[PDB]
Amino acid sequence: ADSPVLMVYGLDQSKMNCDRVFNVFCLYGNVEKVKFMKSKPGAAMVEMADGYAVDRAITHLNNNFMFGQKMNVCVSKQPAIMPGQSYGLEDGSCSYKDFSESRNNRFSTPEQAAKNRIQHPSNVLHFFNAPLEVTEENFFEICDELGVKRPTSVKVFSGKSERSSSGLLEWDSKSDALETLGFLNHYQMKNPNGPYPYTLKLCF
């Protein structure tokens, strides 16, 4: 695309915030900034690293339902996002956030960028970087804590080449998985038999 900025409309104002937007869009490229707009309820501007990332986000996220609303994702005519008059969202978090230095961006080198799955939303999220003996029940209890729908089923892949786990989280619908992605991505999981917590990674 001609610009690294996109606009997202049809967000749920009570549910969404900058981190939760990042948690969805980071699947498709580096996210630099998210800005909610007082005058356009349900809309946010998102600056990605480049127009290739914008295009991937549009092609994969445009027209998807989340919290009863159709999300629309489209190119912005702005070349960049600037902090405006920042305000507190419904959840008490700030309307503007810069993620350019985030450890959780996944496309920071060309080599790293190429390893990311680029898939359309479906009713399954893949997870990785979970604790070594993570269980279905562990994910159930995290979803309860977050106030999001439990997956109907959790698969933990048996094969493990590091002290971490990967697998699948399944819901009955696309929209349930997408709604959950924004809340659950980058959750800090407690690590029993291990000294540091694990940052849960989700993707389609």
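Don't overthink the numbering: it's just position in the shown sequence, from 1.
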**Study point:** Between the two ranges 147 to 155 and 61 to 69, the one averaging a larger CA B factor in the entry
**Key:** 61 to 69
Revision key, fill the gap. Looking only at C-alpha temperature factors in the entry, 177 to 185 or 11 to 19, the higher average sits in 11 to 19
Revision key, fill the gap. Max C-alpha B-factor within the set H120, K77, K115, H126 falls on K77
Check your understanding: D50's Cα B-factor: lowest, middle or highest third of the chain?
Key -> highest
Review point. Comparing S161 with the other modelled residues of its chain, is its CA B-factor in the lowest, middle or highest third?
Key: lowest
Review point. Among the chain's modelled residues, which third holds the C-alpha B-factor of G29?
Key: middle
